[PDB]
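In what follows, a structure is listed as structure tokens, so that the remarks can point back to it.
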Amino acid sequence: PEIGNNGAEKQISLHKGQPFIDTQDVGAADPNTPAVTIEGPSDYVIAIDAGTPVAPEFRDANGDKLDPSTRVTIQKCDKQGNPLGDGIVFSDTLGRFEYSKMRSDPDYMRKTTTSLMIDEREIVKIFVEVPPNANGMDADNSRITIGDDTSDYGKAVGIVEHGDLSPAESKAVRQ
Amino acid sequence: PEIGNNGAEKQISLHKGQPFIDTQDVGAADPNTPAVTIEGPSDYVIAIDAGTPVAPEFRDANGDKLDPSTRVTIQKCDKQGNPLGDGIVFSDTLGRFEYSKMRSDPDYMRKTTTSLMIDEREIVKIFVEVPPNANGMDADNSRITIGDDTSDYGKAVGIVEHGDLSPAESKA
Amino acid sequence: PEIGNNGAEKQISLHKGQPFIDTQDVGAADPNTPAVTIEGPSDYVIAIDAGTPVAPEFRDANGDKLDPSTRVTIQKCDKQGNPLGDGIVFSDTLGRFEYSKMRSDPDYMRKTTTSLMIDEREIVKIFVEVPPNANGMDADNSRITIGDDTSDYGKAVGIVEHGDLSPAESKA
Amino acid sequence: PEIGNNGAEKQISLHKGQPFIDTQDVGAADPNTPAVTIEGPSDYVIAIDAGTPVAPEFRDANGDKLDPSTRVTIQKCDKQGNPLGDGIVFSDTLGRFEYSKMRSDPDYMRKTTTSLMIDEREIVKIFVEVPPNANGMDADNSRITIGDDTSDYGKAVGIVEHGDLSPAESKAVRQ
Amino acid sequence: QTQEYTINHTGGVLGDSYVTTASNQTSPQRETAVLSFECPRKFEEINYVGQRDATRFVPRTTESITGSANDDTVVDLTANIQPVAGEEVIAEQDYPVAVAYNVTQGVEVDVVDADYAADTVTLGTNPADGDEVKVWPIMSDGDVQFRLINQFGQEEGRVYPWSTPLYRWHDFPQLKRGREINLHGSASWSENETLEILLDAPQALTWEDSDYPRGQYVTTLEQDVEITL
Amino acid sequence: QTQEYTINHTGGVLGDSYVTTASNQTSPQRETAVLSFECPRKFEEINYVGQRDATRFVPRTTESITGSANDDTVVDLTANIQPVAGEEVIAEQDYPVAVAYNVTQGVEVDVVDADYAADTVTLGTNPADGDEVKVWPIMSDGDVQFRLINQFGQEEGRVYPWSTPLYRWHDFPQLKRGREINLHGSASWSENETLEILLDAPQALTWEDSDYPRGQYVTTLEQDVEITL
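Chains as they are written, first to last, in the authors' numbering: chain E, 2 to 176; chain T, 2 to 173; chain D, 2 to 173; chain S, 2 to 176; chain A, 4 to 232; chain O, 4 to 232.
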């Protein structure tokens with residue numbers, strides 16, 4: 002057998018069924034909570050470029066899409082669930098995706114605005130603003146995906162083991 | 002008549018009845034809600050030293066003190082009501098003041114921990130953590146005071162007009 | 002408030018609901034009658050490039066498309082409604098557009114052939130040749146559009162005020 | 002975990018609930034006995050400085066303070082319960098403490114007069130002189146405290162393990 | 004410093020106070036102000052650029068009918084009508100051209116088709132006599148534009164002279180890059196200064212009805228902007 | 004980087020999960036673990052210093068009686084008793100030495116005085132026969148101490164060898180600088196490592212009763228610490 006020594010900067014993507022991610026249900030008129038939480042695993046470094054695709058595909062408990070006036074906001078945080086204004090990306094509305102062809106089509110493929118980085122212990126949150134008198138989010142059917150592996154279109158999330166590279170700490174301090 | 006040209010660094014204090022401050026009622030287990038909000042007025046700069054006194058005097062609607070296990074946290078915020086980890090001061094409990102002699106006594110006078118500054122458009126919030134199955138805060142009777150004018154004890158809040166000094170922009 | 006001094010060469014498009022355009026119903030086998038007339042406004046200059054999109058969407062009175070063997074011809078005219086052989090563009094058939102995706106799709110987007118210009122008082126007509134024993138055109142539902150603002154695909158109609166530029170007279 | 006290697010000269014205080022201390026009731030006109038006895042534990046060395054606070058808080062059986070004309074005397078002893086005139090400290094009256102604020106207030110805080118030391122096997126006694134026709138002492142409610150840990154005011158009792166330092170024997174002979 | 008956000012007809016980054024909505028006027032055809040956004044205290048400034056910033060604006064109207072014994076299954080309208088980007092078919096559109104709701108039977112009502120030539124639309128159901136109905140068809144025959152206000156209701160300029168028709172706005176398939184709409188003009192303002200989005204059309208549009216199934220707010224605007232923190 | 008916070012027997016900066024409380028044991032006198040704080044995931048490390056960091060710890064116990072026809076107005080206790088920093092008077096103390104509550108009459112019960120020599124206390128009211136009562140007097144005759152745990156229930160060291168008595172802890176007037184309490188020892192730990200606060204005393208203390216007027220949580224701890232973000 003033979004396998005190629007693939008580069009440390011591995012091309013990956015994020016989704017629900019992973020250990021360093023979590024979600025929880027949401028009601029209405031309810032900005033403060035992360036519907037979805039992400040955290041940096043230990044001794045790893047994640048990198049999200051500016052042209053990274055984004056793809057929330059939330060649902061209602063009865064299996065429906067929500068009010069497109071709903072808003073989604075990805076946002077970096079300092080440790081301790083402490084958000085920060087700078088570094089925010091993807092302040093979008095829940096409408097205007099066409100989930101059918103969303104990831105499928107590079108046109109519909111909504112990318113981020115600016116670059117981003119996740120040091121080994123950091124947080125990225127996904128806040129949601131639903132107008133009142135509306136249905137709530139259901140975590141069983143909701144989903145997030147970011148990055149585009151497995152396609153000549155779109156970009157992919159970079160990852161690297163912190164212990165391999167020597168300037169990994171330099172890039173971590175650089176943020 | 003004659004008045005002396007007092008220095009620009011004026012010695013002041015903050016309280017409820019001011020325009021650049023606000024409050025709102027609070028229930029129970031509501032950390033994110035600020036009970037009190039402060040904002041920098043226009044073309045002014047506020048300075049709060051590290052040894053600045055602090056004095057919340059919250060109340061219950063029926064006119065009682067709350068559970069002393071309650072927590073109070075002053076905290077600086079970036080614009081857009083956004084908190085920050087650095088710059089925070091006075092993470093204290095609601096008990097252990099003895100409001101009777103609190104401002105009166107330099108002993109009971111609880112000071113801050115580190116220095117602080119407020120550029121012209123910035124925010125400082127006062128979050129409160131009440132345990133559940135307790136009574137809520139009532140804004141009619143609650144109050145904040147910080148700084149100590151009018152006493153040889155304690156420190157005062159510095160203020161300056163931004164349009165007077167030239168290096169005020171550099172200091173900001 | 003602040004607005005940027007946009008360039009004089011403004012990027013525009015033409016349609017029915019404008020003052021310097023007009024239309025009138027058409028029957029059958031009536032080439033000389035213009036279904037649509039355009040005229041240059043006063044002290045303005047219009048420019049239509051060669052790669053300009055074109056988009057007639059004529060209809061029948063009952064709300065149907067007409068015989069695709071029908072022909073459409075855009076054509077420049079001298080003053081006094083007088084046609085010309087040179088300067089004509091877009092001698093196309095009424096079929097083979099697929100009006101559903103016509104403006105939508107850069108593929109279906111049919112462009113002109115050669116450049117064009119409209120001095121301040123000039124005319125451009127749109128003649129139509131319908132075969133006999135067919136239904137007539139209905140102006141309530143018909144429409145023209147040319148140029149492509151508001152899309153990275155296609156081109157737009159240039160316009161300029163004559164009274165701004167000095168060599169506008171030389172260009173005319 | 003990490004703990005700091007605290008110095009051998011540990012800062013401590015004395016009270017009733019300890020093994021190397023004892024007490025017993027007292028009547029009236031009754032100097033000779035120690036109402037309270039202290040002894041040096043094995044292979045330790047205690048040191049009491051001259052500015053050490055002192056705090057007897059004796060009581061009556063019915064729960065009252067005694068006649069303030071009563072006298073208290075701390076006194077060092079040679080071995081065998083054998084007192085000595087030199088080295089005596091704190092010949093005070095039982096009144097004029099204001100037990101309410103006594104330890105609390107540095108003003109009321111009554112300190113010793115001269116230095117003191119306790120070699121590994123030595124004794125310090127607390128004699129009491131009550132005038133006759135008075136109530137006796139009750140050991141259940143009485144108490145001694147000396148030294149002031151846990152306060153920027155006052156001093157604290159030094160202690161050291163005799164086996165650690167080499168000149169511990171030199172200081173013991175020095176007394 | 005700079006970001007690229009979206010802003011909506013409600014709340015969003017602003018907070019529902021420094022927005023304001025309004026309907027148009029019917030009998031006097033006038034350049035009403037249907038929406039306006041005032042730069043809040045906290046921001047430094049807002050920018051706006053054409054051919055850089057995308058956009059969406061789905062308006063509608065409201066009309067009503069009266070139930071009758073006769074099997075209507077069709078209603079005329081007072082507004083010019085066309086399909087969403089063109090098609091005879093329903094449920095293929097990017098969104099429904101029209102929605103209908105029965106007050107009595109608190110249920111949606113599907114749509115089969117329409118002529119799309121005259122002011123006509125079909126209903127798939129068979130309304131009963133006396134039953135009350137509401138319908139929110141597409142809107143047409145209008146113009147939209149921008150203008151700036153310097154804190155006083157006192158205009159200083161205009162983003163772009165020539166109005167774009169909402170008719171065309173519906174005609175283009177939205178939300179496709181390359182085919183996305185991008186107006187012209189390069190505006191910018193600061194604290195407490197307002198951008199007004201203005202309407203010139205006959206038919207009475209809506210913002211809120213409280214009995215519309217597909218979301219609470221019927222119409223919508225979603226515009227891209229650039230902000231300095 | 005570094006800050007100076009307070010930490011409490013509930014929630015606070017931690018979040019109510021990586022705290023845990025517990026009562027002591029009575030018949031076997033043993034160095035139980037009444038409280039413990041585990042450094043969460045998010046912090047880098049925690050420090051702790053004596054003669055630098057202030058402290059407060061107000062414990063109590065619980066006892067009960069039975070109403071009788073005879074006018075009791077006094078109850079014995081099973082715990083040594085003294086005033087809060089010493090005084091015969093009530094309502095002058097930094098806090099009440101004792102609290103009482105009647106189950107039937109869902110009201111507070113004042114206190115007049117007590118002997119403070121034997122296990123005694125007075126009641127100002129006149130309880131009825133059969134009425135159920137609860138009382139939360141001061142606690143005495145105990146020792147408190149610290150120790151560290153390396154994620155496993157596996158001790159490595161001890162902050163300070165010699166225990167301090169809670170008796171003395173109540174005796175000093177708290178919350179006065181200069182007279183403030185400051186233990187000894189200089190500890191520090193990191194993620195998921197625990198500090199346990201331990202108790203050695205006979206009487207059964209409490210943390211929660213759900214029928215205590217002066218706040219929900221009866222007892223309390225409030226300690227100063229230094230944190231690296």
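Beta carbons: idealized from backbone N, C-alpha and C, even for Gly.
Exercise for review: Please name the residue or residues paired with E111(A) in a DSSP beta bridge.
Suggested key: Assignment of beta-bridge partners to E111(A) by DSSP yields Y104(A).
Check your understanding: If we count the other Cβ atoms within 10 Å of its Cβ and call it buried at 16 or more, is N83(O) buried or exposed?
Key -> The C-beta of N83(O) has 16 or more other C-beta atoms within 10 Å across all chains shown, which makes the residue buried.
Review point. Taking a cut of 7 angstroms between CB atoms, which residues from the region 77-93 of chain T lie near chain A?
Key: Listed in sequence order: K80 and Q81.
Review point. Given that a residue counts as buried once 16 or more other Cβ atoms are within 10 Å of its Cβ, and exposed if not, what is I141(O)?
Key: Per the 10 Å Cβ criterion, buried.
Exercise for review: Consider the Cβ of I89(E): report whether some Cβ of chain A lies at a distance smaller than 8 angstroms.
Suggested key: With its beta carbon less than 8 angstroms from one in chain A, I89(E) belongs to the interface.
Practice item. Select from the region 133-150 of chain E all residues with a C-beta closer than 7 angstroms to any C-beta belonging to chain A, and list them in chain order. Key: Of all residues in the region 133-150 of chain E, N134 and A135 have a Cβ within less than 7 angstroms of some Cβ in chain A.
Review point. How big is the Cα-Cα spacing for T167(O) and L15(S)?
Key: Cα-Cα distance, rounded: 10 angstroms.
Check your understanding: From the beta carbon of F60(A), is the nearest beta carbon of chain D less than 8 angstroms away?
Key -> Not one beta carbon of chain D lies nearer than 8 angstroms to the beta carbon of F60(A).
Check your understanding: With DSSP run on the structure shown, which of helix, strand or coil describes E121(D)?
Key -> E121(D) falls in the coil class under three-state DSSP.
Check your understanding: So what does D68(S) bridge to, in DSSP terms?
Key -> Note: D68(S) sits in no beta bridge, so no partner.
Point to revise | Residue environment, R44(O), which counts as buried when at least 16 other CB atoms sit within 10 Å | key: Classification for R44(O): exposed.
Check your understanding: Just how far apart, CA to CA, sit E130(D) and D31(D)?
Key -> Going from the Cα of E130(D) to the Cα of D31(D) covers about 6 angstroms.
Point to revise | Chain-ordered neighbours of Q6(O) on chain T, where CB pairs are closer than 9 angstroms | key: By Cβ distance, chain T contributes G86, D87, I89, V90, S92, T114 and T115.
Check your understanding: When burial is assigned at 16 or more other CB atoms within 10 Å of the CB, is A94(A) buried or exposed?
Key -> Label assigned to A94(A): exposed.
Check your understanding: Which stretch, first to last residue, makes up the alpha helix (DSSP H) that contains residue 1(E)?
Key -> In the structure as shown, chain E starts at 2 and stops at 176, and residue 1(E) therefore has no counterpart that could be examined.
Check your understanding: Along chain T, which residues have their Cβ under 8 angstroms away from the Cβ of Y220(O)?
Key -> Near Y220(O) (Cβ distances below 8 angstroms), the residues of chain T are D68, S70 and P132.
Review point. Closest by CA to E159(A), which one among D134(A), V138(A) and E196(A)?
Key: Nearest of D134(A), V138(A) and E196(A) to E159(A), Cα basis: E196(A).
Review point. If we call anything under 8 angstroms between Cβ atoms a contact, is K102(T) one with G52(T)?
Key: No, they are not a contact pair.
Practice item. Determine the burial state of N142(S): buried for a count of at least 16 other Cβ atoms within 10 Å of its Cβ, exposed for fewer. Key: Per the 10 Å Cβ criterion, buried.
Check your understanding: Is the Cβ of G181(O) closer than 8 angstroms to any Cβ of chain S?
Key -> Yes - at least one Cβ of chain S is within 8 angstroms of the one on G181(O).
**Study point:** Helix, strand or coil at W165(A) [DSSP, three-state]
**Key:** Coil at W165(A), not helix or strand.
Exercise for review: Using a cut-off of 8 angstroms between C-beta atoms, extract the partners of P54(S) located in chain F.
Suggested key: Any reference to chain F falls outside this structure, whose protein chains are E, T, D, S, A and O.
**Study point:** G137(T) vs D23(T) beta-carbon contact at 8 angstroms
**Key:** Contact: no.
Point to revise | Proximity test, Cβ basis, 8 angstroms: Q25(E) and chain O | key: Answer no: the Cβ-Cβ gap between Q25(E) and chain O never drops below 8 angstroms.
Point to revise | Spatially closest choice to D87(E) from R122(E), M118(E) and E40(E), by CA coordinates | key: If you compare the alpha carbons of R122(E), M118(E) and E40(E) with that of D87(E), the shortest gap goes to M118(E).
Check your understanding: Is it buried or exposed for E91(A), if we count other Cβ within 10 angstroms and need 16 for buried?
Key -> So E91(A) counts as exposed.
Practice item. Identify, in the order they occur along the chain, each residue of the same chain with its Cβ nearer than 7 angstroms to the Cβ of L178(A), setting aside the five sequence neighbours on each side. Key: Cβ neighbours of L178(A) beyond the five flanking positions: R59.
Exercise for review: Starting from the N-terminal side, write out each stretch of the beta strand (DSSP E) that is 3 residues or longer and does not extend beyond the region 112-163 of chain A.
Suggested key: Within the region 112-163 of chain A, the complete beta strand (DSSP E) runs of at least 3 residues are 123-125, 135-138, 146-152 and 158-160.
Practice item. For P31(O), verify whether its CB is less than 7 angstroms away from any heavy atom of the ligand FAD. Key: With respect to the ligand FAD, the structure shown offers nothing to examine, as it has no ligands at all.
Practice item. Measure the C-alpha to C-alpha separation of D134(O) and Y104(O) and round it to an integer number of angstroms. Key: Straight-line Cα distance between these residues: approximately 11 angstroms.
Check your understanding: For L17(A), which residues in chain T fall below 7 angstroms Cβ to Cβ?
Key -> Going along chain T, no residue has its Cβ under 7 angstroms from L17(A), so there is no contact; the nearest lies around 11 angstroms.
Check your understanding: Is it the case that the Cβ atoms of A9(T) and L166(T) are separated by a distance below 8 angstroms?
Key -> Against a cut-off of 8 angstroms, the Cβ pair of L166(T) and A9(T) comes out as a contact.
Check your understanding: Taking all protein chains shown into account, do 16 or more other C-beta atoms lie within 10 angstroms of the C-beta of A51(S), making it buried, or fewer, making it exposed?
Key -> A51(S) is classed as exposed because its beta carbon has fewer than 16 other beta carbons within 10 Å across all chains shown.
Point to revise | Presumed contact (8 angstroms Cβ cut-off) between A62(E) and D165(E), rounded CB distance | key: Actually they are not in contact, since the Cβ atoms of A62(E) and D165(E) sit about 44 angstroms apart, beyond 8 angstroms.
Exercise for review: Could you run through the region 27-40 of chain T and flag, in chain order, every residue whose CB is less than 9 angstroms away from some CB of chain E?
Suggested key: Within the region 27-40 of chain T, the qualifying residues are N33.
Review point. What are the start and end residues of each continuous beta strand (DSSP E) run of 3 or more residues lying completely inside the region 26-92 of chain A, in chain order?
Key: 35-41, 49-52, 58-61, 66-69 and 77-79, all fully within the region 26-92 of chain A.
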